[PDB]
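In the UniProt record's numbering, the protein residues as written are 9 to 307, 313 to 354.
The beta-carbon is built from N, C-alpha and C at its ideal position, and this holds for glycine as well.
Scroll down for the structure; my scribbles are underneath it.
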Amino acid sequence: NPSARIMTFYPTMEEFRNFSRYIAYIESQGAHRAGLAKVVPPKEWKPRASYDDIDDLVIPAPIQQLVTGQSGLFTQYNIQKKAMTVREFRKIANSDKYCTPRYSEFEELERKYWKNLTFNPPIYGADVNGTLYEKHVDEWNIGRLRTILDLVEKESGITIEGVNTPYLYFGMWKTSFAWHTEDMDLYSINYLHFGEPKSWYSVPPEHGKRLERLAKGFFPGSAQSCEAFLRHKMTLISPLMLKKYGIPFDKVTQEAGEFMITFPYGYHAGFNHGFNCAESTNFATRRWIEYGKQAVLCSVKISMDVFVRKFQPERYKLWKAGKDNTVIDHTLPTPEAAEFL
Ligand SMILES: NC(=O)c1ccnc(-c2csc(N)n2)c1
Ligand SMILES: [Zn+2]
Ligand SMILES: [Zn+2]
């Protein structure tokens, strides 16, 4: 994938059963170069019988998303509102004030989003601790992915809500996620349970330092105050701004019943088309360890010691001494992808 374009995968039921194996396979295809990949699950697979019984589910901390800015460069502020139910949230989402506008092509809706994001602030029902998967679902269960991340909970006992536990995201028209990479530059999985689509923007990991240099130059105040200020997740930058400053990027629309995989150091942002529900968590592969070791944090921290000892014992002394000069190649697939190479 020399173009570093977002790829789409269609695994069969047998191919879908082994999660960590299918991620290794997609890396063997170059999926990781874009920093974002779509996975369309088998038609026979379903994580829940119906979604008609979640009206009474409580969103404890909804946020009114206040956006300030101009010329494709914005700052998002979150105002915590009183706790509301899925019924109360859906009612606001489909109301005349907050409902999705009329559109023919995605391009029209994208223009409507970037033209009106500063007006009529929407409410995001984000960071809800929970899952919508039924107990018996073994295939791609966000709550129990069984990757090497499990070492943090198995060996330390430490729980990081959203990172090694699932999070539910109730979106409406114009709700968004600002430019960011994952905590500790981890991978992420996003399943759109139901509702209107979710559009995504991505910067290939190999061009990730360019977005940072751009972001730094625009917000010199925020950059002097924090080493990794984009981790605050308040910075919105339009595709036109990225096109203007020569930042390579791609776009994709996630429809209900689809998965999105974000890769280590893959910068992403996007917005919700209307009333929807997405389930999210972080995971890892042997390849991620170098990123975790090199990750520039906000001045969430996972101890890398357990990983370095178990998977890089030869490098353990060198890394503790600070003499580990390893330079990351973003084009390289995870060692687990050796069987497909
Ligand atoms: N709102 C979303 O659907 C969404 C999509 C992608 N990433 C995140 C996210 C938030 S905080 C983090 N590390 N990732 C949230
Ligand atoms: Zn994310
Ligand atoms: Zn900071």
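Alpha carbon to alpha carbon, what distance is there between residue 73 and residue 183? 7 Å
In this structure, how does DSSP classify residue 33 when only helix, strand and coil are distinguished? helix
- Write down every uninterrupted run of the beta strand (DSSP E) in the region 175-238 whose length is 3 residues or greater and which is fully enclosed by it, in chain order. 175-179, 184-188, 195-203, 206-211
Requested in this report: Report the option in 132, 127, 117, 80 whose CA atom is closest to the CA atom of residue 88.
Outcome: 132
Check: Under the criterion of a Cβ to heavy atom distance below 8 Å, does residue 306 qualify as lining ligand 3?
Finding: yes
* Hey, quick one: how far does the alpha helix (DSSP H) through residue 248 stretch, first residue to last? -> 247-252
- Query: How about residue 197 and residue 291: are their beta carbons less than 9 Å apart?
  - Reply: yes
Residues near residue 317 in its chain [Cβ-Cβ closer than 6 Å; skip 5 each side]:
300, 301
- Which residues in the same chain as residue 137 place their Cβ atom closer than 6 Å to its Cβ, once the five residues preceding and following it in sequence are excluded? 169
Exercise for review: Let me know if residue 92 comes out buried or exposed under the rule of 16 or more other beta-carbons within 10 Å of its beta-carbon.
Suggested key: buried
- Message: Taking DSSP's pairing of strands, which residues face residue 133 in a bridge?
- Response: 178
Next on the checklist: For ligand 3, is there any heavy atom lying closer than 8 Å to the beta carbon of residue 226?
Outcome noted: no
CB of residue 203 within 9 Å of CB of residue 264, strictly:
yes
_Let me check you understand the geometry: is the CB of residue 165 closer than 8 Å to at least one non-hydrogen atom of ligand 1?_
no
**Request:** For residue 274, name the three-state secondary structure that DSSP assigns.
**Result:** coil
- Mapping DSSP to helix, strand and coil, what is residue 18? coil
From the DSSP output, in three-state form, read off residue 82 for me. strand
*Whole-angstrom distance between residue 344 and residue 51, CA atom to CA atom*: 31 Å
* Cut-off 6 Å between Cβ atoms - residues of its own chain near residue 189, not counting five sequence neighbours on either side -> 273, 275
Q) If we ignore side chains and look at the alpha-carbon of each, how far apart do residue 109 and residue 208 end up? A) 19 Å
query = At what residues does the beta strand (DSSP E) containing residue 287 begin and finish?
reply = 284-291
Review point. Taking Cβ positions, are residue 48 and residue 18 nearer each other than 9 Å?
Key: yes
- Please confirm whether residue 349 and residue 22 have their CB atoms less than 9 Å apart. no
request  = Could you tell me whether any non-hydrogen atom of ligand 3 is closer than 8 Å to the CB of residue 110?
outcome  = no
State the DSSP-derived secondary structure class of residue 47, mapped to helix, strand or coil.
strand
Would the beta-carbon of residue 175 fall within 9 Å of that of residue 287?
-> yes
**Item:** Cα-Cα separation between residue 135 and residue 224, rounded to whole angstroms
**Value:** 27 Å
Q) Can you check whether the CB of residue 238 is closer than 9 Å to the CB of residue 219? A) yes
According to the neighbour-count rule (16 or more other Cβ atoms, all chains shown, within 10 Å of its Cβ), is residue 76 buried or exposed? exposed
Apart from the five residues just before and just after residue 105, which ones in its own chain have a Cβ nearer than 7 Å to its Cβ?
-> 128
I'd like to check one pair, residue 46 with residue 260: are the Cβ atoms closer than 9 Å? yes
*Beta-carbon separation (whole angstroms), residue 191 vs residue 42, contact threshold 8 Å*: Not a contact, Cβ separation roughly 20 Å.
_So, under 8 Å CB-CB, residue 178 and residue 100 are touching, yes? Tell me the CB distance rounded to an integer number of Å._
The pair is not a contact, with the Cβ atoms about 10 Å apart (cut-off 8 Å).
- Could you tell me if the beta carbon of residue 241 falls within a distance shorter than 8 Å of some heavy atom in ligand 1? yes
- Query: On the three-state DSSP scale, how would you describe residue 280?
  - Reply: strand
| task | State the DSSP-derived secondary structure class of residue 61, mapped to helix, strand or coil. | result | coil
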